[PDB]
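If you scroll down you'll find the structure; I have some questions about it.
Chain lettering (A, B, C, D, E, F, G, H and I) follows the sequence in which the chains are written, and residue indices restart at 1 in each chain.
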């Protein structure tokens, strides 16, 4: 999300827009007391 | 490929963009030992 | 043909682009010997 | 070969008109007259008007 | 392991060739040769024409000649002296004396990657003026052809012919920059970075491929001949390679020790 | 005769502005480590280094 | 709001070859019709394969009349063993000054393919001779006498009821395209000389005149293709 | 009316890496064909895994000939307990001056993965010896004698009918990518020294010469990947 | 194993302790096509010339240094006739055809004993000029026996020993440093090659198909595959071993392509 107005399209493909990762092959709390 | 963001369209037809050839009518290694 | 990149569209209609004619109502050689 | 040119019309002759060999591929088409002329060209210079 | 390298061909060996361990993931692909070269790179600078141009002579030239040197740029990565194809590369380190210094050029950082023998691409011409508040005009003619140089008068003003012609021109804006891509035009098949051979059949310098090149860019101002300033000026030229291919690999330039 | 430095050219990108313009571009990750630390223990080399 | 845009480095320039069109300042007009007059041109190569008379330097008898240059060959009676006409193939040589393929090649940069030359006899019908014509790719020197022009590539030719012999210089080449003029007369731009020899003497009865004549033509063959224009030579206007 | 637009801050600039193309000033041309000549390059890594002869400083006998630097090892007969060759792994060290992976690494910034080095014997067939080769990740000091190089990671090697022994330095690392040269010789850019020791003496009959020789190669393994180029070092041209 | 009887035309060579083959860039190199640039009927192969020609190269001693090489061009070797090696019928053919096009088998020759050591390096580099010091005259058969080896100076390493041109006396005389043609000896094993030494082999082969800057280069000017032999570690032998072994070579053309008849070549 962030802040964009790009609900139509982006110009470049997303692999030119920002880096993606490798291949190693309603919110949540922060640590319970068991 | 190279580096482009042109996943939508190019403006000119490709015969105006770069030269194409004539008509004479997973990668590979570089020379085996037979 | 000529030299264009306009394989998508032109802006104006063609009657505003260049003049067309009236109504009077693999190439060819240049003159045979009969 | 062995035609004579005095009839006013002669065609062209490839390599196998009289020799051994085969005809060559067409290279390009920078020849069509509605493409050849389409070039930006100045003809002259002009003194600028400033009055009647 | 326990193979011997004297057969000329050895493959690679991962960690489990002889040790315990598993092979690692492939990281990236900034390696493909039609992506690696696609970088905007200047090769040199250019003195700007302002008059009826004249171009330099063939290989020997006695004194008393009148040519205007350092105005053309025979754009290739190959080494060039005085805007005509040479075979070696100079660096005039002790330039004191008389006799004019030639315009040298070479594409420096291209060879330091180049492990090739034959090359294939298209290019683009990017120009930029270094002096401020300037407006200019770039011209071009293809390889295996030659510049037209004369002047024809219009209303007492001598105007040269390279304002017009067939081959394309380009007029910049108020301190703008001009760029366009340019395709192949060479009589030979692929560009050589090494060559045997000679230009003609006999009695020729062995090594320069005179017609396996690209072309040249010259800069000039849009003014008549008699209204020319006394201060000279400069402009640079940039090339970025495109859609490249490559064949039959070779060595690299020798690094110093020194 | 004009001394010109090398940082006009190279591999890594350049950018030439307009007449009093402004240049902007986004730039991705390039770091050898995994995530950026705002705190750190550690040292640069194995021994005899400033810790932090 | 407007669509966001980013102007690239190419601002406000105009390229001469720029393949696009511009907004008209006055439009919606008609024109007179066209169709009544025939003879269109789609390609100039339909133009280019018409015969054209070559032009040579006159043999050493300079007539003081204007432009003593000659579109034929004056065959001598005397026996000597050097050729009649020998000329190179560089399409800017002073033998290719006003041939068509020379003329519309003189403003282009590169071609590919064959080059027909043919030759039309003109003499009395009771005269008859045997003439061979020969072509050689670039040797070190120039092939001069009949053994050298014999080994290479030739055709002999009769005189009979017809009057010509269509000949086509074959197209051997290092690279597929070739140049049109030689800034440095290299192997890529020349292709060896062309010559024709008299093989047996011209034979003719009494009381009919000596020394017959032969005209030369020059035309594009089939594969002759052109490319990539260049700015022209205005030297005709001065 | 025209479509409303808003030019952003990036006006008229040109970026060197800018992934787009520009309008041609002359187009619709053809080219000579390609397919006849073989040997394409898709990636330079097909290039990068070829053997390459390393280069070392000559032992203290400087021959006054040009560039006394030696692509082999002169094993001495004498018993001493220090290694034969010890060199680090920093891909700009004066032992990695003209190896391929050093050479095409010298203009890139970061790599990942293994580095094969192999070694080819050259000596008389009646000679035979036992040589171990050993590798250690960065300790405080440098591992010098045979216990230290013994504990870490090694392989012993015979002399027989073959002549080599493919060795691969394993790839242990804090971070997955690693640098190519060390501006500050840190743990991220070095990975400990490499050495080889003689384990038992070279053994050879009479009347055959002393002191055999061994060549060194250096090649990329399988996982060796490169990234993200940098401007080059023009110091070869001066 | 290891016995390769190769028969072509009427000749037949075998090297009983050999190693194998080594093609380049395509696993079967002899395949080709007639060139597309020509128009004449090309003169293809014929069985009278499908041959191993052989020819003697210079011998080699103790006194050599590291990286010192011999290098023979091709097909320019056939012209000037080095080492008792001539094309014979083949030169009489390719004098008379302005376009020439062919690929090459090579297997080179030595045989050291079992009490020797020392590594050669047979490799054919593409597209080089390792036969001229810049005077402009290509070196010929008389000036080979005065050196027996090219002592590998720095001027080949920095590319300073390629023939330059007459600068013209209007200018300044220059200060050259670099040329694009060079030899970097720490690097020369990226070409088709195999270490030949007294370890395992005696004679060993390369094989290569065509490469070119154009579909067909000229007849008597081009030189694509110069082959060079260079020593990496020198020989050592006691008094009683066979002094100064001898080197020859064996060159085979495969699928020749001729084009364009004229008179026999006479140099201008």
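Quick note on the criterion: a contact is a pair of C-beta atoms (placed from the backbone, for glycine too) under 8 Å apart; a residue touches a chain by one contact, two chains touch by 3 or more.
A.B. asks: Using the touch definition from the top, how many steps at minimum link chain F to chain G?
C.D. replies: When the steps are counted carefully, the minimum from chain F to chain G is 2.
A.B. asks: Could you tell me which chain lies farthest from chain G when each chain's centre is the average position of its Cα atoms?
C.D. replies: A
A.B. asks: Considering A-E alongside E-I, which chain pair is linked by more C-beta pairs in contact?
C.D. replies: Result of the comparison of E-I and A-E: E-I.
A.B. asks: Centroid of chain D to centroid of chain H, CA atoms only: how many Å?
C.D. replies: 58
A.B. asks: Using the average of all C-alpha atoms in each chain as its centre, how far is it in Å between chain B and chain C?
C.D. replies: Comparing mean C-alpha positions, chain C is 32 Å from chain B.
A.B. asks: Please tell me the distance, in whole Å, between the geometric centres of chain A and chain F computed from their C-alpha atoms.
C.D. replies: Comparing mean C-alpha positions, chain F is 25 Å from chain A.
A.B. asks: Any idea how many Å lie between the Cα centroids of chain D and chain I?
C.D. replies: Inter-chain centre distance comes to 47 Å.
A.B. asks: Check each residue of chain E and list the ones that touch at least two other chains.
C.D. replies: Residues 4-9, 25, 27, 32, 39-41, 89, 91, 95, 101, 106, 108-109, 111, 115, 118, 126, 164-170, 176-177, 179-181, 183-185, 188-190, 201-202, 242, 247-249, 252-254 of chain E touch two or more partner chains.
A.B. asks: Please set out, as single numbers or ranges, the residues of chain I touching at least two other chains.
C.D. replies: Residues 20, 22, 24-26, 36-37, 39-40, 157, 177-178, 184, 187-188, 190, 192, 195, 197, 199-200, 211-212, 214-215, 217-218, 221, 267-268.
A.B. asks: Where does chain B touch two or more other chains at once, residue-wise?
C.D. replies: 2-5, 11-12, 16, 19, 22, 24, 30-33
A.B. asks: Could you please specify the touching residues of chain D with respect to chain H in the complex?
C.D. replies: 27-28, 30, 35
A.B. asks: In their shared complex, at which residues does chain E touch chain B?
C.D. replies: By the definition above, chain E touches chain B via 7-9, 32, 34-35, 38, 122, 181, 183-184, 242-243, 249.
A.B. asks: Please name which positions on chain I make contact with chain B in the complex.
C.D. replies: Listed in rising order, the residues are 20-27, 36, 192.
A.B. asks: If we count contacts the way the header does, which residues on chain A are in touch with chain F in the complex?
C.D. replies: Going by the criterion above, the answer is residues 18-19.
A.B. asks: Which bits of chain E are touching chain F when the two form their complex?
C.D. replies: Those residues of chain E that touch chain F are 39-43, 45, 95, 101, 108-109, 128, 174-175, 177, 234, 236, 238.
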